[PDB]
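Engineer:
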Amino acid sequence: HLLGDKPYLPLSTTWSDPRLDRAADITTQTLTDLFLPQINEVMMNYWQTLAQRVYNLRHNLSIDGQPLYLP
Amino acid sequence: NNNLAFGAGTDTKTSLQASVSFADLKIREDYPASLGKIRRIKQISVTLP
Amino acid sequence: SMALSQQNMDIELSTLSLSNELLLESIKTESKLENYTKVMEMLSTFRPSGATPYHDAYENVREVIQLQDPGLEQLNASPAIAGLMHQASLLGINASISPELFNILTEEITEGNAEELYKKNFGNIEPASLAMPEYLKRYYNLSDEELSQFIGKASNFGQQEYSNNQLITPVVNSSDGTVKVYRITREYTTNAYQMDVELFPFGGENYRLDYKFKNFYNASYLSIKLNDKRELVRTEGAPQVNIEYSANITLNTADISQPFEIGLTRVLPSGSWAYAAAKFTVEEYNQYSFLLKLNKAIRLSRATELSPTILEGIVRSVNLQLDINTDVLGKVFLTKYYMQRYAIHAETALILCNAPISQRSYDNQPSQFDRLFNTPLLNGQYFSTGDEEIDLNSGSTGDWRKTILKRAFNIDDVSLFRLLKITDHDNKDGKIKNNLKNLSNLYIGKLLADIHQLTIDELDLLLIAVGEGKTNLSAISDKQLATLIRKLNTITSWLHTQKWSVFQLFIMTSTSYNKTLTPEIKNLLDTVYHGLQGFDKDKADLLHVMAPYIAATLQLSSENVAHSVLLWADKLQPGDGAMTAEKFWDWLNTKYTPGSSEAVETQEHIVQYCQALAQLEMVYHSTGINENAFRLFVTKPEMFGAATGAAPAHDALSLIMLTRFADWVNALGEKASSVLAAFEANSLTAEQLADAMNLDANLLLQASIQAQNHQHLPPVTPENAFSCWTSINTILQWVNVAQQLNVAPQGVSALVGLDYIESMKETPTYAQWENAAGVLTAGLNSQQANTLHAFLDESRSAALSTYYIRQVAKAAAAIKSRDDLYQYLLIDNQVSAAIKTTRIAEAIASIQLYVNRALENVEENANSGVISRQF
């Protein structure tokens with residue numbers, strides 16, 4: 001509930017293959033940033049972690065996915 | 001990384017080297033991921049029929 | 001109101017089933033329905049708005065005969081019953097489409113009714129929210145990865161539609177996932193008849209602009225300019241008439257929010273130019289925010305478990321694009337049959353639906369055409385453009401593309417030519433017509449050879465045995481192709497069953513009666529003539545005495561088998577004219593010298609007669625026919641409803657019938673002669689045959705009752721129900737199907753009387769589906785019933801939950817998804833059915849959850865005068 005929906009994080013395939021001198025595009029006192037960020041898996045893993053834990057509960061599995069037979 | 005060759009050293013030119021990448025052994029695949037992710041080698045013995 | 005009974009405490013119940021009872025009671029309460037059968041069959045089934053118009057009896061019936069390993073092959077092999085059903089009712093089971101879903105998918109999209117259709121299939125949801133992935137993922141229970149693939153809902157991905165002066169297409173934002181539907185209007189302003197201008201989107205403010213000349217001008221260059229100011233497209237040289245050319249260009253809101261004109265300037269090497277133009281507007285409209293095509297695409301891809309990638313390929317390769325309808329669904333159902341029946345790729349299944357090989361690549365997938373012909377890229381591509389008339393005959397040569405075609409089909413050149421003739425028997429010349437139609441058909445003949453255990457040369461031998469010889473694939477309809485394949489599905493499967501090669505069947509089914517004058521047959525003529533030297537036509541009955549001579553002379557047969565062998569040949573006529581045993585004798589004691597090959601032409605006719613006699617004995621032995629069975633098949637075919645006025649034909653289907661009858665007889669065993677005599681006459685009934693066949697008497701009786709009560713392709717007359725093979729075979733099929741299902745034939749009629757594309761349009765009521773579910777379920781073992789129950793409970797809770805959330809849940813409860821429903825009702829619905837519980841245990845769990853949420857202040861306002869209590 002607290003996490004809410006995981007975000008949709010589309011990936012870009014656009015790349016200009018710029019030359020190294022042109023690439024030395026810097027900030028001093030068709031994207032602004034030539035290079036792009038990655039997903040940040042550590043945060044995305046919270047949905048993955050909870051999904052597995054909830055899945056295991058729903059499928060009557062233990063913490064590691066092993067079966068269990070509780071009374 | 002999966003090959004046979006003679007060594008490139010100065011005293012290994014007559015040594016026959018064989019090598020295998022662990023990536024191609026498919027060891028991890030043997031057990032489900034849920035059993036744990038840290039899978040490390042403890043001991044290796046060599047048999048040469 | 002739950003009682004604290006002992007049973008509520010210690011009877012183990014599957015979970016979910018309790019969640020379903022809760023939802024069913026709340027759902028029943030709303031709309032005040034009498035019971036849960038109305039909830040499941042009348043309410044859920046007709047509710048297109050929500051994740052699904054769930055049909056419980058449909059899923060019950062469907063799953064119950066998927067638990068039955070044949071996958072309806074049990075009926076396909078038993079046509080007396082399968083023919084009572086529209087093939088759609090069989091197809092609707094393997095392809096899991098409920099009749100309501102079918103009816104929804106079969107409706108066409110009319111743009112003028114998009115709002116009316118929207119409000120039929122959707123609740124009162126403004127498209128503004130419906131269209132966004134945040135809503136779609138909840139409405140259709142889809143992942144975002146899946147939502148991202150539902151793009152291009154237009155007539156194309158490439159060259160799109162234009163009508164009534166415009167184009168209606170979706171455009172998707174690459175970061176947001178936001179989809180808007182735009183209309184591009186093109187109104188010509190000048191020379192529409194000299195050159196065309198075609199503007200299509202490819203992204204927001206990104207358009208694919210094509211063009212086509214009608215009138216050729218020898219332009220030094222073409223310049224397409226927006227408002228005749230800013231060049232959008234520049235083509236050097238002089239582009240052609242009726243040829244489409246294009247470029248990807250940028251038009252921002254200043255370029256497209258107002259009507260603007262795209263001018264086509266054909267600039268000559270001189271200072272002059274020719275000019276054509278149209279007024280364009282690109283505008284976002286709520287009026288087009290429907291995409292009901294998406295609703296259908298999603299539901300179809302889910303029902304059939306198909307990727308939307310291949311699904312678009314399947315429907316667009318067979319019919320008019322930008323829509324879903326009955327014809328494309330028929331192709332999907334057929335595609336699924338082949339893919340479910342054979343271990344083949346969906347594209348293969350599509351070709352077997354009389355589809356072309358697709359030259360279009362998409363979604364990082366190389367085209368079918370290139371995968372088949374250019375993977376072996378032998379010093380250049382093969383193109384299928386009509387000019388590469390490569391000689392594919394046997395005795396011929398060609399360039400690397402001949403080698404490519406040989407490799408594409410992986411066959412010899414004589415085989416490729418035979419295959420080419422199978423595609424088109426009139427294409428006897430030294431060439432491929434070089435198009436997709438014939439290549440697709442060459443591919444079909446090869447595919448049929450591979451799915452069936454056949455060679456290429458066997459395709460012709462088999463088509464002759466089947467009765468489909470000289471059939472052109474270049475001229476075969478899809479209905480005809482499917483029919484052909486189905487005949488192979490019952491005939492090649494027959495050969496596989498009987499361990500016969502195609503040639504073996506072919507010779508068994510041959511009526512060629514090759515004639516010659518050699519000892520292999522002449523010795524048989526001399527043996528019979530000499531045996532009959534002390535014989536004449538009016539002294540003794542030739543069909544009595546010749547029979548023991550041929551019995552000894554030919555393939556070790558008895559004299560009764562030999563009698564029938566003579567009658568078969570007399571009726572079949574192994575000669576240029578009629579040829580009978582009497583003629584055979586008349587041509588041996590007249591224009592004949594024993595040991596002589598030559599006299600008159602009747603010397604070849606008597607040879608043909610002997611081979612014909614031998615051919616039936618070959619069949620007798622290969623088919624396992626009993627002596628009396630043979631006597632009746634051949635001399636008394638009338639009670640089979642067969643050739644009747646003649647001995648049975650050499651058609652493979654007749655031989656299949658003969659063999660199946662023979663096994664019926666082999667089973668009758670020791671009582672076979674009593675039954676066969678009674679069969680020749682009308683002395684047969686229920687119990688009597690059941691005893692001989694080791695069947696239950698009532699099982700056989702009820703099969704008779706249904707065999708006669710239902711109309712049949714093999715019509716059954718109660719008078720001869722047990723004394724005619726057409727009728728008996730029909731009865732046995734009702735026995736065999738009921739026995740496999742353990743339902744006692746009245747119980748299989750329950751499955752039969754269900755359909756989709758009923759030709760009489762007698763859409764079955766839920767009660768019919770429910771009655772079938774009941775009887776079919778009753779035939780399951782507990783080892784099967786348990787998985788049925790688990791399956792249905794899981795499907796059912798999903799259906800009840802989506803209904804509840806949209807229609808029952810009160811607004812005060814902030815329930816948006818299944819997870820919230822859980823928290824609100826204090827009971828889960830996403831749990832597997834495998835988890836067992838009790839009623840007391842769930843009541844405890846629900847209350848404990850309620851309390852935990854109150855104590856942790858998940859719920860907003862608990863009563864502190866209660867919270868502080870020591871408990």
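Residue numbers (the working numbering), protein chains in the order written: chain L, 1 to 71; chain P, 1 to 49; chain D, 1 to 871. No residue lacks a Cβ here, since even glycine has one placed at the ideal position from N, Cα and C.
For the beta strand (DSSP E) containing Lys591(D), name the first residue and the last one.
Structural biologist: In the third sequence, residue 591(D) corresponds to position 591, counting from 1. That residue, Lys591(D), is in no beta strand (DSSP E); it is neither H nor E in DSSP.
Engineer: Comparing C-alpha positions only, which one of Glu617(D), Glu794(D), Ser440(D) sits nearest to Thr509(D)?
Structural biologist: Numbered from its first residue, the third sequence carries residue 509(D) at position 509. Residue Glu617(D) is the option with its Cα nearest to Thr509(D).
Engineer: Quick one, which of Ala303(D), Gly83(D), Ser155(D), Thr190(D) has its alpha-carbon nearest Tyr54(D)'s?
Structural biologist: What you label residue 54(D) is simply residue 54 of the third sequence in a count that begins at 1. Residue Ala303(D) is the option with its Cα nearest to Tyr54(D).
Engineer: Please list the residues of the region 827 to 839 of chain D that have a C-beta atom closer than 8 Å to any C-beta atom in chain L, keeping them in chain order.
Structural biologist: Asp828, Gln830, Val831, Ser832, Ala834, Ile835
Engineer: Taking only runs of the alpha helix (DSSP H) that begin and end inside the region 366 to 433 of chain D, which ones reach a length of at least 4 residues, in chain order?
Structural biologist: 368 to 373, 400 to 409, 413 to 423
Engineer: Just verifying my parser: in three-state terms, what is the DSSP assignment at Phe157(D)?
Structural biologist: The residue you call residue 157(D) lines up with position 157 of the third sequence. The three-state secondary structure of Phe157(D), taken from DSSP, is coil.
Engineer: Please decide whether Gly4(L) counts as near chain P, where near means a Cβ-Cβ distance under 8 Å.
Structural biologist: Sequence index remark: in the first sequence, residue 4(L) carries index 4 (1-based). Judged by the 8 Å Cβ criterion, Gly4(L) is not in contact with chain P.
Engineer: Comparing alpha-carbon positions, which option in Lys591(D), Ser246(D), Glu687(D), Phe633(D) lies nearest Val561(D)?
Structural biologist: As a position in the third sequence, residue 561(D) is number 561, starting the count at 1. Of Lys591(D), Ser246(D), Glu687(D), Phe633(D), the residue nearest in Cα terms is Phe633(D).
Engineer: Among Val318(D), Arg341(D), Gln340(D), whose alpha-carbon lies nearest the alpha-carbon of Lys331(D)?
Structural biologist: Here the question's residue 331(D) lines up with position 331 in the third sequence. Measuring from the Cα of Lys331(D), the nearest candidate turns out to be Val318(D).
Engineer: What's the gap between the Cα of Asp793(D) and the Cα of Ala833(D)?
Structural biologist: Position 793 of the third sequence, counting from 1, holds the residue named residue 793(D). Position 833 of the third sequence, counting from 1, holds the residue named residue 833(D). Cα to Cα, the separation comes out at about 7 Å.
Engineer: Give the DSSP bridge partners of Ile41(P), in chain order.
Structural biologist: Counted from its first residue, the second sequence places residue 41(P) at position 41. Answer is none; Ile41(P) lacks a bridge partner.
Engineer: Tell me which residue opens and which closes the alpha helix (DSSP H) that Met43(L) is part of.
Structural biologist: Stepping through the first sequence from its first residue, residue 43(L) is reached at position 43. Taken as a continuous stretch (DSSP letters only), the alpha helix (DSSP H) holding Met43(L) covers 41 to 58.
Engineer: Comparing alpha-carbon positions, which option in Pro67(L), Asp33(L), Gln29(L), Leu68(L) lies nearest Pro18(L)?
Structural biologist: To locate residue 18(L), count along the first sequence from 1; it is residue 18. Cα-wise, what sits closest to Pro18(L) is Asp33(L).
Engineer: What's the gap between the Cα of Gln38(L) and the Cα of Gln52(L)?
Structural biologist: By one-based count along the first sequence, residue 38(L) stands at place 38. By one-based count along the first sequence, residue 52(L) stands at place 52. Distance between the alpha carbons of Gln38(L) and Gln52(L) is about 23 Å.
Engineer: Determine the direct distance from the alpha carbon of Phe417(D) to that of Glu680(D), and round the result to whole angstroms.
Structural biologist: One-based indexing of the third sequence puts residue 680(D) at position 680. One-based indexing of the third sequence puts residue 417(D) at position 417. Cα to Cα, the separation comes out at about 49 Å.
Engineer: What first and last residue would you give for the alpha helix (DSSP H) that runs through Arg853(D)?
Structural biologist: Taking the third sequence and counting its residues from 1, one reaches residue 853(D) at position 853. Here the alpha helix (DSSP H) through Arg853(D) covers 839 to 855.
Engineer: Any residues in the region 628 to 641 of chain D with a beta carbon nearer than 7 Å to a beta carbon of chain L? Which ones, in chain order?
Structural biologist: none
Engineer: With a 10 Å radius around its C-beta and 16 neighbouring C-beta atoms as the bar for buried, classify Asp536(D) as buried or exposed.
Structural biologist: By 1-based counting over the third sequence, the position of residue 536(D) is 536. Classification for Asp536(D): exposed.
Engineer: Take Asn729(D) as the anchor and find which of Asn295(D), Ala707(D), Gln740(D) has the nearest alpha-carbon.
Structural biologist: Position 729 of the third sequence holds residue 729(D). Taking only the C-alpha atoms, the option nearest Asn729(D) is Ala707(D).
Engineer: Is the shortest distance between the beta-carbon of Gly152(D) and the beta-carbons of chain C less than 8 Å?
Structural biologist: Going by chain labels, chain C is absent from the structure shown, which instead holds the protein chains L, P and D.
Engineer: Would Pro71(L) count as contacting chain D if we go by Cβ distances under 8 Å?
Structural biologist: Along the first sequence, one-based indexing puts residue 71(L) at 71. Not an interface residue.
Engineer: Beta carbon of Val716(D), beta carbon of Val743(D): below 8 Å?
Structural biologist: As a first step, residue 716(D) must be located in the third sequence, where it is residue number 716. As a first step, residue 743(D) must be located in the third sequence, where it is residue number 743. In this structure, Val743(D) does not lie closer than 8 Å to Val716(D) by Cβ.
Engineer: Does the Cβ of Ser175(D) have 16 or more other Cβ atoms within 10 Å, making it buried, or fewer, making it exposed?
Structural biologist: Counting from one through the third sequence, the residue named residue 175(D) turns up at place 175. The residue in question, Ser175(D), is exposed, as its Cβ has fewer than 16 Cβ neighbours within 10 Å.
Engineer: What residues of chain P sit near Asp21(L), judged by a beta carbon separation below 9 Å?
Structural biologist: In the first sequence, residue 21(L) corresponds to position 21, counting from 1. Chain P residues near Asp21(L): none, gap ~36 Å exceeds 9 Å.
Engineer: Can you find a C-beta in chain L that's less than 8 Å from the C-beta of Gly263(D)?
Structural biologist: Counting from one through the third sequence, the residue named residue 263(D) turns up at place 263. By this cut-off, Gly263(D) is not an interface position.
Engineer: Check whether the region 158 to 166 of chain D touches the region 182 to 198 of chain D, taking contact to mean three or more Cβ pairs, one atom from each stretch, closer than 8 Å.
Structural biologist: Proximity of the region 158 to 166 of chain D to the region 182 to 198 of chain D meets the contact definition, three or more beta-carbon pairs being nearer than 8 Å.
Engineer: Following the continuous alpha helix (DSSP H) through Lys437(D), name the residue where it begins and the one where it ends.
Structural biologist: In the third sequence, residue 437(D) corresponds to position 437, counting from 1. Residues 436 to 451.
Engineer: Could you name the residues of chain P that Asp64(L) contacts, counting a contact when the two beta carbons are closer than 8 Å?
Structural biologist: In the first sequence, residue 64(L) corresponds to position 64, counting from 1. The contacting residues are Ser34, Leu35, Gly36.
Engineer: Buried or exposed, going by whether 16 or more other CB atoms sit within 10 Å of the CB of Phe22(P)?
Structural biologist: Walking along the second sequence from the start, residue 22(P) turns up at place 22. Exposed, by the Cβ-count rule.
Engineer: Determine the chain L residues that contact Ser143(D) at a beta-carbon separation under 9 Å, and present them in chain order.
Structural biologist: By one-based count along the third sequence, residue 143(D) stands at place 143. Here the premise fails: no neighbours, minimum Cβ distance about 10 Å.
Engineer: How about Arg58(L): is its C-beta nearer than 8 Å to some C-beta of chain D?
Structural biologist: Counting from 1 along the first sequence, the entry for residue 58(L) is found at position 58. Output row for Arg58(L): interface = yes.
Engineer: Which of the three DSSP states is assigned to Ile606(D) in this structure?
Structural biologist: The count along the third sequence starts at 1 and reaches residue 606(D) at position 606. Here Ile606(D) sits in helix by DSSP.
Engineer: Does any residue of chain D bring its CB to less than 8 Å from the CB of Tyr46(L)?
Structural biologist: Indexing the first sequence from 1 puts residue 46(L) at position 46. Chain D, which has no Cβ nearer than 8 Å to the Cβ of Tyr46(L), makes this no.
Engineer: State the CB to CB distance for the pair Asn218(D) and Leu292(D), rounded to an integer number of angstroms; the pair is presumed to be in contact (CB under 8 Å).
Structural biologist: Here the question's residue 218(D) lines up with position 218 in the third sequence. Here the question's residue 292(D) lines up with position 292 in the third sequence. That pair is no contact at about 48 Å.
Engineer: Among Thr659(D), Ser367(D), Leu517(D), which residue has its Cα nearest to the Cα of residue 873(D)?
Structural biologist: Outside the modelled stretch of chain D, which goes from 1 to 871, sits residue 873(D), for which no answer is possible.
Engineer: In its own chain, which residues sit with a C-beta less than 8 Å from the C-beta of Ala814(D), not counting the 5 before and 5 after it?
Structural biologist: Translated into positions along the third sequence, residue 814(D) becomes position 814. Counting only Cβ-Cβ distances below 8 Å, and skipping sequence neighbours, we find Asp820.
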